[PDB]
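J.: Have a look at this one before I ask anything.
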Amino acid sequence: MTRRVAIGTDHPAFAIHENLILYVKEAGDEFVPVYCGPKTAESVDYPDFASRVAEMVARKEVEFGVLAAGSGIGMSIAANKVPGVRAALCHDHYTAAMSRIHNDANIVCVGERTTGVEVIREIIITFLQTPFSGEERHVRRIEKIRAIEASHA
Amino acid sequence: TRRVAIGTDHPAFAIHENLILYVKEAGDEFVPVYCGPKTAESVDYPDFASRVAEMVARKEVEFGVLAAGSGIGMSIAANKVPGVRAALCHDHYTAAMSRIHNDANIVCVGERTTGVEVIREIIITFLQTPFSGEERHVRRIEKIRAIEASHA
Amino acid sequence: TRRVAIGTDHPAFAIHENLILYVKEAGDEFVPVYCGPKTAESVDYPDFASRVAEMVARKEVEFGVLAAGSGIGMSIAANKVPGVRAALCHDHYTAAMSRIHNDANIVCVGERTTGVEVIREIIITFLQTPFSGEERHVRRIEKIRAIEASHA
Amino acid sequence: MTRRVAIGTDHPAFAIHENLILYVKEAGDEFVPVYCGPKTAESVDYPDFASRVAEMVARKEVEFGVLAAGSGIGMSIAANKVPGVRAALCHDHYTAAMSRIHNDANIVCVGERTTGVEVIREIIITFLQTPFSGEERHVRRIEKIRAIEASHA
């Protein structure tokens with residue numbers, strides 16, 4: 001009945017991982033943060049934690065992923081390489097909402113070096129709270145994304 | 001000659017001629033190859049993403065540009081193609097860093113989120129900015145390829 | 001009835017009917033009063049900023065909306081009018097916080113920087129979000145009035 | 001021959017004031033940061049430091065101002081109430097450049113809670129390095145801003 005939300009970061013975004021845990025809780029009591037990012041401030045490679053969270057989402061161990069890094073760009077590239085993952089790099093409320101409404105995104109990506117924590121807060125909450133629309137055209141398009149995955153499997 | 005395949009969906013069709021011009025503005029060496037819809041009628045972004053992304057994957061063009069409503073769908077779909085690194089950019093900084101850190105080969109923009117002058121800036125910056133070639137970045141990009149390999 | 005004066009310059013003239021509609025979308029109580037140019041020919045933003053800002057200052061309308069290329073000129077000029085608090089917004093968060101913290105009475109947007117769907121979001125959020133009325137915010141807003149007074 | 005750049009913040013942006021000093025220097029050796037923000041992390045009111053920096057710019061004690069706060073919105077409202085000041089709230093490279101090119105802005109405002117430090121870095125550098133265009137229409141429009149000031153003096 002509650003909804004698990006896996007969280008990953010690289011090194012620069014480690015400073016805000018408690019923030020991320022908190023922002024997930026702020027979305028609602030039904031959202032459970034599962035912190036899977038570095039345990040310390042040590043330099044890491046983003047694809048390893050993108051992969052870690054992405055696989056959890058793909059295997060359905062969690063419903064949602066949060067990936068925070070310098071820019072979030074590498075996070076969104078790495079995570080989308082995992083089949084079943086729809087990872088959206090968001091920079092504001094609008095992209096966060098539309099990633100859910102149009103793309104039924106299951107991973108939100110943000111940049112610690114690009115986006116202020118209060119906007120990251122807003123992004124995480126909006127992403128978790130905004131439902132997928134279910135509308136015919138979006139379903140068809142998401143299915144075409146799945147078709148692209150299959151053709152390369 | 002550095003060829004740049006351009007794809008859009010319906011809302012971004014209205015600015016396709018802008019994208020063609022912005023690519024050229026990046027320098028004489030940059031050659032736009034328009035692969036988007038030829039009318040304003042509604043299409044599905046993954047069809048145009050795939051088309052551009054396959055061209056990049058297969059080395060038929062060096063770069064792609066995908067423009068849609070938000071660009072989010074474009075970046076999800078394009079990245080499903082092995083060898084693609086598609087970066088959804090919303091400013092100069094992300095456009096630059098996508099090349100510097102990630103050696104992105106596709107740039108994604110939202111026509112409904114980002115004004116055309118910033119889209120212009122994004123495209124020019126993306127094409128002009130070189131990959132750093134720095135050690136850690138090369139290692140991380142290979143790690144992306146190792147994720148692809150693990151699912152192929 | 002909560003009246004909202006709308007002003008633009010030339011690049012934002014193309015979306016003036018959008019702004020009129022976005023104001024209405026904020027709720028039935030919101031009434032757009034268009035005070036921008038009536039043709040696409042080039043104008044000077046401070047003329048339209050002043051016009052809208054004077055209406056807000058004089059209490060003839062509750063709110064203003066200024067749309068230009070970047071909105072930066074709009075926000076500089078509008079703020080030169082005593083009683084105006086003009087907020088240049090580029091997303092939902094700034095639009096909300098301009099009302100919550102600053103009790104902004106004019107919202108400024110760039111047609112060349114910010115896509116129309118985000119402009120739509122900015123306008124709706126700006127108009128719908130109430131000022132917090134919190135103590136520190138009231139004190140700081142009065143401090144803004146004391147800066148005006150010190151130069152009048 | 002060098003160019004003084006006054007820096008102010010409120011409380012939340014105090015954490016990054018050394019960043020701001022550094023970013024001004026990064027624009028070039030000709031740019032001299034003059035830190036005028038809070039000396040400590042104590043809660044302050046943004047208009048007081050906006051005023052402080054704005055007056056310095058208006059009196060021409062410095063050429064440029066940097067104001068960093070939560071959102072930067074209040075900073076840009078307060079600073080523009082000082083005659084002679086053209087304070088631009090910027091959130092990216094484009095607005096930073098155009099504030100100089102079109103508006104000959106003399107104060108840049110940023111939000112610590114909205115904009116990541118690396119974008120703030122880019123904003124400050126672009127603002128300081130980008131020249132005013134001098135073009136006829138911008139001069140006329142800036143003069144109309146001055147005219148608005150006069151009519152309320």
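Ligands are numbered from 1 in the order shown, residues from 1 within each chain, and chains are lettered A, B, ... in the order they appear in the structure tokens.
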Could you work out which residues of chain D fall inside 8 Å of chain A? Count only C-alpha atoms, and format the result as a list in words.

T.: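 That gives residues 111, 112, 113, 114, 115, 116, 117, 118 and 119 of chain D for chain D.
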
J.: If we count only C-alpha atoms and set the cut-off at 12 Å, which residues sit around residue 127 (chain B), ignoring sequence neighbours fewer than 3 positions away in its own chain? Please answer as a PyMOL selection string.

T.: chain B and resi 2-4+22-32+62-65+92+95-100+103-107+120-124+130-131

J.: Convert the current residue selection to file output with N, CA, C and O atoms, as a tab-separated table (two decimals), in the first residue's frame.

T.:
```tsv
chain	number	residue	atom	x	y	z
B	2	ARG	N	30.18	18.22	-40.24
B	2	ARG	CA	29.67	17.62	-39.01
B	2	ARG	C	28.16	17.66	-39.14
B	2	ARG	O	27.53	18.72	-39.01
B	3	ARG	N	27.58	16.50	-39.44
B	3	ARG	CA	26.17	16.42	-39.76
B	3	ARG	C	25.34	16.29	-38.50
B	3	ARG	O	25.74	15.63	-37.55
B	4	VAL	N	24.18	16.94	-38.51
B	4	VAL	CA	23.31	17.03	-37.35
B	4	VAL	C	21.88	16.74	-37.79
B	4	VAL	O	21.26	17.55	-38.47
B	22	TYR	N	19.60	27.40	-36.42
B	22	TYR	CA	20.48	27.42	-35.24
B	22	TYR	C	21.69	26.49	-35.41
B	22	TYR	O	22.81	26.82	-34.98
B	23	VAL	N	21.45	25.33	-36.02
B	23	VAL	CA	22.52	24.39	-36.31
B	23	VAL	C	23.60	25.03	-37.21
B	23	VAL	O	24.80	24.93	-36.92
B	24	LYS	N	23.15	25.70	-38.27
B	24	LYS	CA	24.05	26.42	-39.19
B	24	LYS	C	24.81	27.54	-38.49
B	24	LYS	O	25.98	27.77	-38.77
B	25	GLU	N	24.14	28.23	-37.56
B	25	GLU	CA	24.76	29.32	-36.79
B	25	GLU	C	25.92	28.85	-35.93
B	25	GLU	O	26.75	29.66	-35.54
B	26	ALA	N	25.94	27.56	-35.60
B	26	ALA	CA	27.02	27.01	-34.80
B	26	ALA	C	28.36	27.01	-35.57
B	26	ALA	O	29.44	26.98	-34.97
B	27	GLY	N	28.26	27.07	-36.90
B	27	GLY	CA	29.44	27.17	-37.76
B	27	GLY	C	29.19	26.56	-39.12
B	27	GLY	O	28.32	25.70	-39.26
B	28	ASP	N	29.95	27.00	-40.13
B	28	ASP	CA	29.83	26.48	-41.50
B	28	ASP	C	29.98	24.96	-41.61
B	28	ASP	O	29.38	24.35	-42.49
B	29	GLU	N	30.79	24.35	-40.75
B	29	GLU	CA	30.99	22.90	-40.77
B	29	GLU	C	29.74	22.10	-40.39
B	29	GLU	O	29.62	20.94	-40.78
B	30	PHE	N	28.83	22.72	-39.65
B	30	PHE	CA	27.61	22.06	-39.18
B	30	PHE	C	26.51	22.02	-40.21
B	30	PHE	O	26.05	23.04	-40.70
B	31	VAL	N	26.08	20.80	-40.53
B	31	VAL	CA	25.13	20.56	-41.59
B	31	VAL	C	23.84	19.95	-41.03
B	31	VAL	O	23.85	18.79	-40.59
B	32	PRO	N	22.74	20.73	-41.03
B	32	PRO	CA	21.47	20.18	-40.59
B	32	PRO	C	20.91	19.17	-41.61
B	32	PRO	O	20.96	19.41	-42.82
B	62	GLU	N	26.93	12.90	-36.90
B	62	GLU	CA	27.65	13.05	-35.63
B	62	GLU	C	26.73	13.40	-34.45
B	62	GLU	O	26.98	12.96	-33.33
B	63	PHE	N	25.70	14.19	-34.71
B	63	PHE	CA	24.87	14.75	-33.64
B	63	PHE	C	23.41	14.67	-34.02
B	63	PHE	O	23.06	14.62	-35.21
B	64	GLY	N	22.55	14.68	-33.00
B	64	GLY	CA	21.13	14.84	-33.24
B	64	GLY	C	20.58	16.01	-32.44
B	64	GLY	O	21.16	16.40	-31.43
B	65	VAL	N	19.46	16.55	-32.90
B	65	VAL	CA	18.71	17.56	-32.16
B	65	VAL	C	17.27	17.06	-32.13
B	65	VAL	O	16.68	16.79	-33.18
B	92	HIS	N	22.21	27.13	-21.21
B	92	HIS	CA	23.61	27.13	-21.66
B	92	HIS	C	24.51	26.18	-20.87
B	92	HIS	O	25.33	25.46	-21.45
B	95	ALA	N	23.75	22.45	-21.51
B	95	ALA	CA	24.19	22.18	-22.88
B	95	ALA	C	25.70	21.99	-22.95
B	95	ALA	O	26.18	21.05	-23.59
B	96	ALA	N	26.43	22.89	-22.28
B	96	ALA	CA	27.88	22.83	-22.23
B	96	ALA	C	28.35	21.59	-21.47
B	96	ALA	O	29.20	20.86	-21.97
B	97	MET	N	27.80	21.37	-20.29
B	97	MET	CA	28.23	20.27	-19.42
B	97	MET	C	27.89	18.89	-19.99
B	97	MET	O	28.57	17.91	-19.69
B	98	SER	N	26.84	18.82	-20.81
B	98	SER	CA	26.45	17.56	-21.47
B	98	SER	C	27.54	17.10	-22.44
B	98	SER	O	27.80	15.90	-22.57
B	99	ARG	N	28.18	18.07	-23.09
B	99	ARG	CA	29.32	17.82	-23.97
B	99	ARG	C	30.62	17.62	-23.17
B	99	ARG	O	31.37	16.67	-23.41
B	100	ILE	N	30.87	18.49	-22.20
B	100	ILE	CA	32.11	18.45	-21.43
B	100	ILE	C	32.26	17.18	-20.59
B	100	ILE	O	33.32	16.56	-20.60
B	103	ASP	N	29.90	13.79	-23.07
B	103	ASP	CA	30.13	13.66	-24.51
B	103	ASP	C	28.82	13.32	-25.20
B	103	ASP	O	28.77	12.44	-26.06
B	104	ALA	N	27.76	14.03	-24.81
B	104	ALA	CA	26.43	13.82	-25.37
B	104	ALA	C	26.46	13.95	-26.89
B	104	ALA	O	27.13	14.82	-27.43
B	105	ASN	N	25.73	13.08	-27.57
B	105	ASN	CA	25.64	13.16	-29.02
B	105	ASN	C	24.25	13.59	-29.50
B	105	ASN	O	24.08	13.87	-30.67
B	106	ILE	N	23.28	13.64	-28.61
B	106	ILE	CA	21.96	14.20	-28.94
B	106	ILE	C	21.55	15.24	-27.90
B	106	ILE	O	21.70	15.02	-26.68
B	107	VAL	N	21.05	16.38	-28.37
B	107	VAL	CA	20.53	17.42	-27.49
B	107	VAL	C	19.01	17.46	-27.61
B	107	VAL	O	18.48	17.45	-28.71
B	120	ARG	N	18.07	28.37	-29.17
B	120	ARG	CA	19.18	28.77	-30.04
B	120	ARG	C	20.52	28.65	-29.30
B	120	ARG	O	21.45	28.03	-29.80
B	121	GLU	N	20.58	29.21	-28.09
B	121	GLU	CA	21.78	29.15	-27.26
B	121	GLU	C	22.17	27.72	-26.92
B	121	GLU	O	23.34	27.36	-26.99
B	122	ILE	N	21.19	26.90	-26.55
B	122	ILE	CA	21.44	25.50	-26.25
B	122	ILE	C	22.09	24.77	-27.43
B	122	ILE	O	23.11	24.12	-27.28
B	123	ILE	N	21.49	24.90	-28.62
B	123	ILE	CA	21.98	24.18	-29.80
B	123	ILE	C	23.40	24.62	-30.18
B	123	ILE	O	24.27	23.77	-30.38
B	124	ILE	N	23.62	25.92	-30.23
B	124	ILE	CA	24.94	26.47	-30.55
B	124	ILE	C	26.00	25.99	-29.55
B	124	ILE	O	27.06	25.50	-29.95
B	130	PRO	N	33.47	21.16	-26.84
B	130	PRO	CA	34.08	19.84	-26.97
B	130	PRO	C	33.99	19.03	-25.67
B	130	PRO	O	33.91	19.61	-24.58
B	131	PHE	N	33.99	17.71	-25.81
B	131	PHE	CA	34.19	16.80	-24.69
B	131	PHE	C	35.57	17.04	-24.08
B	131	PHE	O	36.54	17.23	-24.80
```

J.: Tell me which protein, DNA and RNA residues are within 9 Å of residue 151 (chain B), counting only C-alpha atoms, leaving out same-chain ones fewer than 4 positions away, and put them as a short mmCIF file (atom, residue, chain, number, x, y, z; two decimals) with N, CA and C atoms, in the first residue's frame.

T.:
```
data_model
loop_
_atom_site.label_atom_id
_atom_site.label_comp_id
_atom_site.auth_asym_id
_atom_site.auth_seq_id
_atom_site.Cartn_x
_atom_site.Cartn_y
_atom_site.Cartn_z
N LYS A 81 19.20 3.57 -19.92
CA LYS A 81 19.79 2.38 -20.56
C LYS A 81 19.26 1.08 -19.96
N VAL A 82 18.56 1.18 -18.83
CA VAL A 82 17.94 0.01 -18.19
C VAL A 82 16.51 -0.14 -18.72
N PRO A 83 16.19 -1.31 -19.31
CA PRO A 83 14.85 -1.47 -19.89
C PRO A 83 13.77 -1.39 -18.82
N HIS A 152 16.28 -3.70 -29.52
CA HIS A 152 17.71 -3.66 -29.21
C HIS A 152 18.10 -4.68 -28.12
N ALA A 153 17.14 -5.50 -27.69
CA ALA A 153 17.39 -6.53 -26.69
C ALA A 153 17.97 -7.80 -27.34
N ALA B 146 28.76 -0.25 -20.67
CA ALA B 146 28.70 -1.52 -19.93
C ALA B 146 27.30 -1.83 -19.38
N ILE B 147 26.51 -0.79 -19.06
CA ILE B 147 25.09 -0.98 -18.74
C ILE B 147 24.30 -1.44 -19.97
#
```

J.: Once DSSP has gone over the backbone, tell me which residues of chain C are in alpha helix (DSSP H), as a count of residues only.

T.: 72

J.: Find the residues around region 3-15 of chain A up to 6 Å (only C-alpha atoms counted), leave out those fewer than 4 positions away in its own chain, and share them as a list in words.

T.: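 Here the qualifying residues turn out to be residues 30, 31, 32, 33, 34, 35, 36, 37, 41, 43, 44, 46, 49, 53, 62, 63, 64, 65, 66, 67, 68, 69 and 112 of chain A.
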
J.: For the contact check between chain A and chain B, emit one row per residue of chain A within 7 Å, containing the shortest atom pair and the distance in Å rounded to one decimal, counting only C-alpha atoms, chain then rising number order, as a tab-separated table.

T.:
```
residue	atom	partner	partner_atom	distance
A:45	CA	B:140	CA	6.0
A:47	CA	B:144	CA	6.1
A:71	CA	B:94	CA	6.7
A:73	CA	B:87	CA	5.9
A:74	CA	B:102	CA	6.2
A:77	CA	B:85	CA	6.0
A:78	CA	B:144	CA	5.5
A:80	CA	B:79	CA	6.1
A:81	CA	B:148	CA	5.8
A:86	CA	B:76	CA	6.0
A:87	CA	B:76	CA	6.5
A:88	CA	B:72	CA	5.9
A:89	CA	B:88	CA	6.7
A:95	CA	B:70	CA	6.5
A:99	CA	B:72	CA	6.5
A:103	CA	B:73	CA	6.2
A:141	CA	B:44	CA	6.0
A:144	CA	B:46	CA	6.2
A:145	CA	B:77	CA	5.5
A:148	CA	B:80	CA	6.5
A:149	CA	B:80	CA	5.8
A:152	CA	B:152	CA	6.6
A:153	CA	B:152	CA	4.8
```

J.: Please, could you write that set of residues out with C-alpha atoms as a PDB file, in the first residue's frame?

T.:
```
ATOM      1  CA  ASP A  45      30.970   7.309 -10.732  1.00  0.00           C
ATOM      2  CA  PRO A  47      26.495   5.335 -13.744  1.00  0.00           C
ATOM      3  CA  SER A  71      23.810  18.170 -13.611  1.00  0.00           C
ATOM      4  CA  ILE A  73      22.307  14.605 -17.317  1.00  0.00           C
ATOM      5  CA  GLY A  74      24.552  11.521 -16.877  1.00  0.00           C
ATOM      6  CA  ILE A  77      21.435   8.825 -19.714  1.00  0.00           C
ATOM      7  CA  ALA A  78      22.640   5.909 -17.535  1.00  0.00           C
ATOM      8  CA  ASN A  80      17.400   5.097 -19.301  1.00  0.00           C
ATOM      9  CA  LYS A  81      19.787   2.382 -20.556  1.00  0.00           C
ATOM     10  CA  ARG A  86      11.705   6.128 -17.940  1.00  0.00           C
ATOM     11  CA  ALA A  87      14.082   8.593 -16.312  1.00  0.00           C
ATOM     12  CA  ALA A  88      13.247  12.277 -16.612  1.00  0.00           C
ATOM     13  CA  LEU A  89      15.784  15.039 -16.090  1.00  0.00           C
ATOM     14  CA  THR A  95       8.893  19.266 -16.428  1.00  0.00           C
ATOM     15  CA  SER A  99       7.228  13.747 -17.006  1.00  0.00           C
ATOM     16  CA  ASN A 103       5.696  10.024 -19.930  1.00  0.00           C
ATOM     17  CA  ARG A 141       3.874   6.565 -27.172  1.00  0.00           C
ATOM     18  CA  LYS A 144       6.610   2.777 -28.704  1.00  0.00           C
ATOM     19  CA  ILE A 145       9.406   3.448 -26.187  1.00  0.00           C
ATOM     20  CA  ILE A 148      12.477   0.582 -29.138  1.00  0.00           C
ATOM     21  CA  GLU A 149      13.878  -1.281 -26.082  1.00  0.00           C
ATOM     22  CA  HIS A 152      17.705  -3.661 -29.206  1.00  0.00           C
ATOM     23  CA  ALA A 153      17.393  -6.531 -26.694  1.00  0.00           C
TER      24      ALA A 153
END
```

J.: Between C:12, C:52, C:35, C:21, which is the closest to chain B once you count only C-alpha atoms?

T.: C:12

J.: Using only C-alpha atoms, find each residue in chain B having at least one atom no more than 9 Å away from chain C; report its shortest atom-to-atom pair and that distance in Å (one decimal), rows by chain then rising number, as CSV.

T.:
```
residue,atom,partner,partner_atom,distance
B:110,CA,C:115,CA,7.9
B:111,CA,C:115,CA,6.3
B:112,CA,C:115,CA,4.5
B:113,CA,C:115,CA,4.0
B:114,CA,C:115,CA,4.5
B:115,CA,C:113,CA,4.0
B:116,CA,C:112,CA,5.7
B:117,CA,C:112,CA,5.4
B:118,CA,C:113,CA,5.6
B:119,CA,C:113,CA,8.4
```

J.: What is the CA of residue 132 (chain A) to CA of residue 16 (chain B) distance in Å?

T.: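 Atom-to-atom, CA of residue 132 (chain A) and CA of residue 16 (chain B) are spaced 28.7 Å apart.
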
J.: For the atom pair CA of residue 128 (chain D) and CA of residue 79 (chain D), what is the interatomic distance in Å to one decimal place?

T.: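 CA of residue 128 (chain D) sits 17.6 Å away from CA of residue 79 (chain D).
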
J.: If you measure from CA of residue 59 (chain B) to CA of residue 7 (chain B), what distance in Å do you get, rounded to one decimal?

T.: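 Spanning CA of residue 59 (chain B) to CA of residue 7 (chain B) is a straight-line distance of 16.3 Å.
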
J.: Could you give me the residues within chain B that DSSP places in strand (DSSP E or B), as an mmCIF file with C-alpha atoms, in the first residue's frame?

T.:
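This went into part-v3.cif:
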```
data_model
loop_
_atom_site.group_PDB
_atom_site.id
_atom_site.type_symbol
_atom_site.label_atom_id
_atom_site.label_comp_id
_atom_site.auth_asym_id
_atom_site.auth_seq_id
_atom_site.Cartn_x
_atom_site.Cartn_y
_atom_site.Cartn_z
ATOM 1 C CA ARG B 2 29.665 17.624 -39.015
ATOM 2 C CA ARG B 3 26.166 16.416 -39.764
ATOM 3 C CA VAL B 4 23.314 17.033 -37.355
ATOM 4 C CA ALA B 5 20.021 15.150 -37.737
ATOM 5 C CA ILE B 6 16.962 17.108 -36.599
ATOM 6 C CA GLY B 7 13.726 15.556 -35.358
ATOM 7 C CA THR B 8 10.579 17.063 -33.862
ATOM 8 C CA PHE B 30 27.613 22.058 -39.178
ATOM 9 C CA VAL B 31 25.128 20.564 -41.591
ATOM 10 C CA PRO B 32 21.468 20.176 -40.594
ATOM 11 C CA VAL B 33 19.724 17.041 -41.878
ATOM 12 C CA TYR B 34 16.022 17.502 -41.182
ATOM 13 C CA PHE B 63 24.873 14.754 -33.644
ATOM 14 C CA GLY B 64 21.132 14.845 -33.237
ATOM 15 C CA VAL B 65 18.709 17.555 -32.161
ATOM 16 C CA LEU B 66 15.307 16.567 -30.803
ATOM 17 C CA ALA B 67 12.669 19.193 -30.073
ATOM 18 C CA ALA B 68 9.241 18.370 -28.632
ATOM 19 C CA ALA B 86 20.863 12.160 -25.240
ATOM 20 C CA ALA B 87 20.903 15.217 -22.983
ATOM 21 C CA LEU B 88 17.775 17.161 -22.114
ATOM 22 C CA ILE B 106 21.963 14.197 -28.939
ATOM 23 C CA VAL B 107 20.534 17.422 -27.489
ATOM 24 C CA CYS B 108 16.874 17.517 -26.427
ATOM 25 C CA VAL B 109 14.802 20.663 -25.912
ATOM 26 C CA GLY B 110 11.213 21.495 -24.997
ATOM 27 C CA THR B 114 12.236 26.873 -23.204
#
```

J.: Using only C-alpha atoms, find the one residue out of C:56, C:1, C:14, C:126 that sits nearest to residue 40 (chain C).

T.: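 Using only C-alpha atoms, the shortest distance to residue 40 (chain C) belongs to C:14.
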
J.: Nearest to residue 98 (chain D): which of D:138, D:25, D:52, D:59 is it, counting only C-alpha atoms?

T.: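 Answer, going by the shortest atom-to-atom distance: D:138.
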